[PDB]
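Shown below: entry-v5.txt, with compact mmCIF, C-alpha atoms.
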```
# COMPACT_ATOMS: atom_id res chain seq x y z
CA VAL P 12 6.72 19.13 5.40
CA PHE P 13 8.67 21.44 3.08
CA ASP P 14 6.65 24.52 2.07
CA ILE P 15 8.46 25.87 -0.96
CA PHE P 16 7.11 29.45 -1.03
CA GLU P 17 7.81 29.71 2.70
CA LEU P 18 11.40 28.50 2.23
CA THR P 19 12.28 30.73 -0.70
CA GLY P 20 10.98 33.61 1.41
CA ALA P 21 8.94 35.02 -1.48
CA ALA P 22 6.41 36.67 0.88
CA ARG P 23 9.13 39.15 1.92
CA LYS P 24 11.98 38.67 -0.56
CA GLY P 25 12.44 39.23 -4.28
CA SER P 26 9.76 40.16 -6.81
CA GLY P 27 7.98 38.34 -9.60
CA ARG P 28 4.81 38.02 -7.57
CA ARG P 29 1.70 39.59 -6.10
CA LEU P 30 0.30 38.17 -2.86
CA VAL P 31 -3.38 37.44 -3.53
CA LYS P 32 -6.24 35.33 -2.14
CA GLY P 33 -6.29 31.53 -2.28
CA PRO P 34 -8.50 28.61 -1.16
CA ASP P 35 -6.59 28.50 2.12
CA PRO P 36 -7.43 31.74 4.02
CA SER P 37 -4.61 31.20 6.54
CA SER P 38 -1.60 31.36 4.18
CA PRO P 39 -0.40 33.38 1.13
CA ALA P 40 -1.30 32.85 -2.54
CA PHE P 41 1.05 34.02 -5.28
CA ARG P 42 -0.02 35.35 -8.65
CA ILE P 43 3.13 34.71 -10.68
CA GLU P 44 4.32 37.72 -12.70
CA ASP P 45 7.98 36.95 -13.49
CA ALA P 46 9.23 33.58 -12.22
CA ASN P 47 12.92 34.47 -12.46
CA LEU P 48 12.67 37.03 -9.65
CA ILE P 49 11.39 34.67 -7.00
CA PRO P 50 14.38 33.52 -4.92
CA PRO P 51 15.30 29.82 -5.03
CA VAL P 52 15.12 27.49 -2.04
CA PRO P 53 18.31 28.04 0.00
CA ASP P 54 20.79 25.17 -0.32
CA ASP P 55 20.84 24.12 3.30
CA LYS P 56 17.06 23.75 2.79
CA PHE P 57 17.11 21.94 -0.54
CA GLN P 58 19.62 19.37 0.71
CA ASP P 59 17.40 18.83 3.75
CA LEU P 60 14.64 17.96 1.31
CA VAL P 61 16.96 15.88 -0.86
CA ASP P 62 17.83 13.83 2.21
CA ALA P 63 14.13 13.24 2.94
CA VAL P 64 13.47 11.98 -0.60
CA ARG P 65 16.75 10.07 -0.31
CA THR P 66 15.21 8.36 2.72
CA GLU P 67 11.63 7.74 1.59
CA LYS P 68 12.64 6.77 -1.98
CA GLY P 69 10.11 9.35 -3.05
CA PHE P 70 7.86 12.12 -1.87
CA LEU P 71 4.39 13.46 -1.64
CA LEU P 72 3.99 16.82 -3.30
CA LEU P 73 0.91 19.00 -2.61
CA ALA P 74 -0.18 22.12 -4.48
CA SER P 75 -3.14 24.38 -5.16
CA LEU P 76 -3.05 26.22 -8.45
CA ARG P 77 -5.13 28.47 -10.63
CA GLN P 78 -3.58 28.22 -14.06
CA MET P 79 -4.39 30.17 -17.21
CA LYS P 80 -6.16 28.20 -19.97
CA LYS P 81 -4.25 26.13 -22.54
CA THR P 82 -0.86 26.98 -21.00
CA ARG P 83 2.14 24.89 -20.00
CA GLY P 84 3.16 25.97 -16.54
CA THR P 85 5.94 24.70 -14.32
CA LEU P 86 5.11 24.07 -10.69
CA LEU P 87 8.75 23.57 -9.69
CA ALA P 88 12.11 22.59 -11.17
CA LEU P 89 15.63 21.69 -10.12
CA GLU P 90 17.86 23.86 -12.32
CA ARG P 91 21.58 23.14 -12.59
CA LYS P 92 23.89 25.79 -11.18
CA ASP P 93 26.05 25.41 -14.30
CA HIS P 94 23.42 27.08 -16.47
CA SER P 95 22.21 24.62 -19.10
CA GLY P 96 19.16 22.75 -17.83
CA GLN P 97 16.94 21.07 -15.29
CA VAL P 98 17.53 17.71 -13.66
CA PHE P 99 13.85 17.46 -12.57
CA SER P 100 10.66 19.44 -13.09
CA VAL P 101 6.89 19.17 -12.70
CA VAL P 102 4.80 20.76 -15.45
CA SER P 103 1.05 21.26 -15.63
CA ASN P 104 0.62 20.98 -19.37
CA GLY P 105 -2.66 22.65 -20.37
CA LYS P 106 -2.09 21.84 -24.03
CA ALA P 107 -1.74 18.09 -23.58
CA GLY P 108 -4.00 18.04 -20.51
CA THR P 109 -1.35 16.21 -18.51
CA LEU P 110 0.99 16.60 -15.56
CA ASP P 111 4.51 16.02 -16.89
CA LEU P 112 7.32 14.62 -14.78
CA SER P 113 10.81 15.13 -16.17
CA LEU P 114 13.99 13.54 -14.80
CA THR P 115 17.44 14.01 -16.27
CA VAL P 116 19.90 11.31 -15.24
CA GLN P 117 23.46 11.33 -16.63
CA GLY P 118 22.92 13.50 -19.68
CA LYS P 119 19.75 11.53 -20.29
CA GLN P 120 16.43 13.36 -19.94
CA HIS P 121 13.25 11.33 -19.44
CA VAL P 122 9.70 12.66 -19.55
CA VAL P 123 6.52 10.86 -18.71
CA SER P 124 2.99 12.22 -18.81
CA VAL P 125 0.27 11.45 -16.27
CA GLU P 126 -2.84 11.41 -18.51
CA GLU P 127 -6.24 13.01 -18.02
CA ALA P 128 -4.82 15.58 -15.65
CA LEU P 129 -6.33 18.75 -17.00
CA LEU P 130 -5.40 21.40 -14.46
CA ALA P 131 -5.23 24.36 -16.82
CA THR P 132 -8.85 25.34 -16.29
CA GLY P 133 -8.73 28.94 -15.13
CA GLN P 134 -9.94 27.81 -11.69
CA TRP P 135 -8.42 26.63 -8.40
CA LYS P 136 -7.42 22.98 -8.20
CA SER P 137 -5.54 20.98 -5.56
CA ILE P 138 -3.20 18.13 -6.47
CA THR P 139 -1.71 15.38 -4.39
CA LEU P 140 1.27 13.90 -6.26
CA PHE P 141 2.70 10.70 -4.82
CA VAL P 142 6.06 9.59 -6.25
CA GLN P 143 7.86 6.49 -4.98
CA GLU P 144 10.57 4.40 -6.59
CA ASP P 145 9.57 4.70 -10.30
CA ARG P 146 5.84 5.20 -9.68
CA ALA P 147 3.71 8.34 -9.83
CA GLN P 148 0.20 8.61 -8.43
CA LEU P 149 -1.82 11.79 -8.94
CA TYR P 150 -5.07 12.84 -7.28
CA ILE P 151 -6.74 16.04 -8.47
CA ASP P 152 -8.97 17.40 -5.69
CA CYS P 153 -11.08 14.33 -4.80
CA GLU P 154 -11.47 12.79 -8.21
CA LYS P 155 -9.93 9.42 -8.94
CA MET P 156 -6.24 8.60 -9.09
CA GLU P 157 -4.18 8.75 -12.31
CA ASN P 158 -0.96 6.78 -12.77
CA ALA P 159 2.34 6.88 -14.66
CA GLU P 160 5.64 5.02 -14.37
CA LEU P 161 9.01 6.72 -14.43
CA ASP P 162 11.76 5.40 -16.65
CA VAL P 163 14.16 5.72 -13.72
CA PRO P 164 13.58 5.61 -9.95
CA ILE P 165 12.92 9.08 -8.53
CA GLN P 166 15.77 8.95 -5.98
CA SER P 167 18.31 8.31 -8.75
CA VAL P 168 17.91 11.96 -9.72
CA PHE P 169 17.97 13.01 -6.08
CA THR P 170 21.64 12.30 -5.43
CA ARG P 171 23.70 13.14 -2.36
CA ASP P 172 25.45 16.03 -4.12
CA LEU P 173 22.33 17.53 -5.74
CA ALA P 174 22.31 20.76 -3.73
CA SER P 175 25.76 21.86 -4.94
CA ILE P 176 25.15 21.48 -8.67
CA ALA P 177 21.48 22.52 -8.68
CA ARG P 178 18.83 24.64 -6.97
CA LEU P 179 15.07 24.28 -6.48
CA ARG P 180 13.07 26.94 -8.34
CA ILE P 181 9.32 27.48 -7.95
CA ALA P 182 7.05 28.40 -10.88
CA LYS P 183 10.09 28.64 -13.18
CA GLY P 184 10.23 26.56 -16.35
CA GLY P 185 12.40 25.92 -19.39
CA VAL P 186 12.29 29.01 -21.66
CA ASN P 187 8.51 28.73 -22.26
CA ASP P 188 7.11 27.00 -19.18
CA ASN P 189 6.95 29.58 -16.39
CA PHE P 190 3.71 29.18 -14.46
CA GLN P 191 1.01 31.55 -15.62
CA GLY P 192 -1.46 32.06 -12.82
CA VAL P 193 -1.64 31.68 -9.08
CA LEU P 194 -0.13 29.08 -6.78
CA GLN P 195 -0.75 28.25 -3.13
CA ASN P 196 0.73 25.83 -0.62
CA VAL P 197 3.23 24.00 -2.82
CA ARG P 198 4.59 21.43 -0.36
CA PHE P 199 6.62 18.25 -0.05
CA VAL P 200 5.33 16.06 2.80
CA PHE P 201 7.02 13.00 4.31
CA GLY P 202 5.84 10.09 6.40
CA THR P 203 2.25 10.54 5.30
CA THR P 204 0.22 8.84 2.58
CA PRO P 205 -1.99 10.32 -0.11
CA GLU P 206 -4.87 8.49 1.56
CA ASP P 207 -4.24 10.45 4.76
CA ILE P 208 -4.30 13.74 2.86
CA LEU P 209 -7.40 12.72 0.97
CA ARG P 210 -9.19 12.12 4.26
CA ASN P 211 -7.40 14.99 6.02
CA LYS P 212 -9.41 17.21 3.68
CA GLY P 213 -12.71 15.37 3.44
CA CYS P 214 -12.84 13.13 0.36
```
For the structure just supplied, provide its representation as structure tokens.
Amino acid sequence: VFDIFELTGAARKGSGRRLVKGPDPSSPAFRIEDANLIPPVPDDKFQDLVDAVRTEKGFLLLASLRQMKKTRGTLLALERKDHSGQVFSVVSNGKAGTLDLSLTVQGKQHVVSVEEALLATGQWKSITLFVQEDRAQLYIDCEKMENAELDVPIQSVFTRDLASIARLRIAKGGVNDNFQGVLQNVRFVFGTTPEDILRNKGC
């Protein structure tokens, strides 16, 4: 389990946020004000995560969010240290009503949309994103699964060197995709299945 907000240390480090209330009463919720001021995930931490994806050939990402209507907000993104772009990002697109998965491999950027994933209602929603090999499975709360196939296997982006040329940034998008709203419990979980999470929360 990699809890992004916990790792970046945003609860007691940097700005860009206001600790508020979230569905989970036992952990912080962050209303995003300026995504560039939230510290990134330290590199020793990001590479730990990269190794875990490296191993599972994928990951299970969890997140609760309360996004503003009709907006495109970025849950998280791997931005290159040599300031130019992202190598991977997850965007809740309230204009298309999709969850976009973007992977840039060797100067080639690929984007696929998971359809019928409207999360940009101005109310709390929990997602369970399961990515393995080139397959993406999304469960919003307890409603039925939505699918999408990547153009390239997820681990191909998650290379062994990843941490030294890029850093993991939460809520921060690409010039017009910073998350507008509140986020809670953004986490990468390994060795578990989406079915276990679905039951582990009463579906």
Find the residues of range 74-94 of chain P that sit at most 9 Å from range 117-140 of chain P; for each, write down the nearest two atoms and how far apart they are in Å, to one decimal. Count only C-alpha atoms. Sort by chain, then by number going up, and give it as JSON lines.
```
{"residue": "P:74", "atom": "CA", "partner": "P:138", "partner_atom": "CA", "distance": 5.4}
{"residue": "P:75", "atom": "CA", "partner": "P:137", "partner_atom": "CA", "distance": 4.2}
{"residue": "P:76", "atom": "CA", "partner": "P:135", "partner_atom": "CA", "distance": 5.4}
{"residue": "P:77", "atom": "CA", "partner": "P:135", "partner_atom": "CA", "distance": 4.4}
{"residue": "P:78", "atom": "CA", "partner": "P:131", "partner_atom": "CA", "distance": 5.0}
{"residue": "P:79", "atom": "CA", "partner": "P:133", "partner_atom": "CA", "distance": 5.0}
{"residue": "P:80", "atom": "CA", "partner": "P:131", "partner_atom": "CA", "distance": 5.1}
{"residue": "P:81", "atom": "CA", "partner": "P:131", "partner_atom": "CA", "distance": 6.1}
{"residue": "P:82", "atom": "CA", "partner": "P:131", "partner_atom": "CA", "distance": 6.6}
{"residue": "P:83", "atom": "CA", "partner": "P:131", "partner_atom": "CA", "distance": 8.0}
{"residue": "P:84", "atom": "CA", "partner": "P:131", "partner_atom": "CA", "distance": 8.5}
```
Output file for the selection above: C-alpha atoms, as a PDB file, in the coordinates of the input:
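To be explicit, this is the file written out as part_28.pdb:
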```
ATOM      1  CA  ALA P  74      -0.180  22.120  -4.480  1.00  0.00           C
ATOM      2  CA  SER P  75      -3.140  24.380  -5.160  1.00  0.00           C
ATOM      3  CA  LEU P  76      -3.050  26.220  -8.450  1.00  0.00           C
ATOM      4  CA  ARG P  77      -5.130  28.470 -10.630  1.00  0.00           C
ATOM      5  CA  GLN P  78      -3.580  28.220 -14.060  1.00  0.00           C
ATOM      6  CA  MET P  79      -4.390  30.170 -17.210  1.00  0.00           C
ATOM      7  CA  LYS P  80      -6.160  28.200 -19.970  1.00  0.00           C
ATOM      8  CA  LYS P  81      -4.250  26.130 -22.540  1.00  0.00           C
ATOM      9  CA  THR P  82      -0.860  26.980 -21.000  1.00  0.00           C
ATOM     10  CA  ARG P  83       2.140  24.890 -20.000  1.00  0.00           C
ATOM     11  CA  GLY P  84       3.160  25.970 -16.540  1.00  0.00           C
TER      12      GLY P  84
END
```
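Residue nearest residue 73 in chain P within the list P:58, P:196, P:37, P:47: P:196 [criterion: smallest interatomic distance, only C-alpha atoms].
If all atoms listed in the file are the atoms counted, then among P:182, P:177, P:32, P:166 the closest residue to residue 197 in chain P is P:182.
Across the structure, CA of residue 95 in chain P and CA of residue 66 in chain P are spaced 28.1 Å apart.
Residues lying within 8 Å of residue 64 in chain P, counting all atoms listed in the file and ignoring same-chain neighbours fewer than 4 positions away, are residues 60, 68, 69, 70, 166 and 169 of chain P.
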*Counting all atoms listed in the file, what is within 12 Å of residue 43 in chain P, bar same-chain residues fewer than 3 positions away, as a ChimeraX atom specification?*
/P:16,21,26-31,40,46-49,76-79,84-86,181-183,189-195
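When all atoms listed in the file are used to compute distances to residue 188 in chain P, the closest of the residues P:105, P:39, P:33, P:51 turns out to be P:105.
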_Env of residue 100 in chain P: 9 Å cut, atoms = only C-alpha atoms, seq-sep filter 4 positions within chain, self excluded. Answer as a VMD selection string._
chain P and resid 85 to 90 111 to 114 184
*Return the single residue from P:214, P:72, P:15, P:98 that is closest to residue 201 in chain P, with distances computed using only C-alpha atoms.*
P:72
